[PDB]
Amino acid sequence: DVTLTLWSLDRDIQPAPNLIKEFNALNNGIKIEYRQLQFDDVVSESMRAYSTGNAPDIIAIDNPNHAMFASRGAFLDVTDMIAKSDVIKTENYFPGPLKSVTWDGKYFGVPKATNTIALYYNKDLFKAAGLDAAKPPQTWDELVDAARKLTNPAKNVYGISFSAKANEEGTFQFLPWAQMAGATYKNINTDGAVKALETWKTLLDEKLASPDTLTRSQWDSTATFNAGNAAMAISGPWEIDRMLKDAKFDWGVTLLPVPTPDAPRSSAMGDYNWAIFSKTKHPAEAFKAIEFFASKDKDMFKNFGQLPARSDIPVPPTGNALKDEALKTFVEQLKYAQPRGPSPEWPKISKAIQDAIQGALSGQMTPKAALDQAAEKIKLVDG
């Protein structure tokens, strides 16, 4: 057998290790060995290994990071193998995810999945508060007022859970708010962005969300929602399968609230891409693995609660009512997602935003001053 290595942050209930077991059962002359990483080490460990000369054959890399690796020669050019494939067809992919694997008019990967965030809410807690569980918040003012009402320290319930962590988590969570208010990462200090950050400050200052929001991932924040300790959660479709097992209450999912009713929804394009490292000894076999993964995209939502990056396979209902309402909301919200980049410098853009968020939420800087500084940094690093 040819033995390949594959690195991903996917855990046991997530696609990669399960796809790998199915691939290995084919006994097709190829075997894959898996390494499970943490979010915060996918880039660092990946780039260390490539620099050291022992990168894996395959990685699942977060879409905003793809351009850095591709621009640096770390990823194999898969343009010609994609052209020969009928399993992997560029026509199948949503434009944004496909663009994220491209660099200099060549393909340097294949999208794995796509996502964005939306608003989960605990319908039982809504009802108990005298709110209308059929009419979740539509505006930021409604969201904040609901969060005030639903904050119940007597039962250690926060009105909302989210993430402002000083890494990609916080940037991915903030950009929708800023974008809905008219800003972009290229123009992050508009008055609307300032209002977004002031609104985050309210959620924390008024103890409507945990102080741990500043240091905790979306995944770990949502676990508190599942446990009944946050009435609402801003997170992605990757929560669904775990939520169905863990949340012991009735829940719904709605579009992200907007700053005023005349503002359209907007968010950041989430999820990962497959890539092959450029010095693989086994390019054909690694590509065949990726083809096998793509051939199973049709079953990703039913098996894992994640969404394919593809227009050719619209996701069918599962038959689970909670899961299917989640699907409907996320499929809609996804249409309004915007890419982070392309930029080989994405981490520096994101750090500027992260620093603004931390500075304002701590009270050390005003939102305006924090974001003005981020915008200055971004002018430099995004040039």
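Each form is matched to the other, and the largest set of C-alpha atoms that superpose within 1.5 Å is called the rigid core. Numbering starts at 1 and runs along the sequence shown.
A fit on the rigid core, followed by a root mean square over CA positions in 4 other deposited structures of this protein, ranks 6 to 14 against 365 to 373 and picks 6 to 14 as the more shifted one. The rigid core fit leaves 70 to 78 as the farther-lying stretch in 4 other deposited structures of this protein, judged by Cα positions and set against 70 to 78 and 212 to 220. Averaged over their C-alpha atoms, the temperature factors of 25 to 33 and 330 to 338 are higher for 25 to 33. Once the C-alpha B-factors are averaged per stretch, 80 to 88 and 189 to 197 rank with 80 to 88 first. The residue among 73, 236, 111, 305 whose C-alpha carries the highest B-factor in the deposited model is 73. Among all modelled residues in this chain, the alpha-carbon of residue 9 has a temperature factor (C-alpha) in the middle third. Sort the chain's modelled residues by C-alpha temperature factor and residue 16 lands in the middle third, per the entry. In this PDB entry, residue 356 carries a Cα temperature factor that places it within the middle third of its chain's modelled residues.
Per the PDB record, residue ranking by Cα B-factor puts residue 170 in the middle third of the chain.
Residue-level temperature factors show residue 135 in the highest third of its chain, judged at the C-alpha atom.
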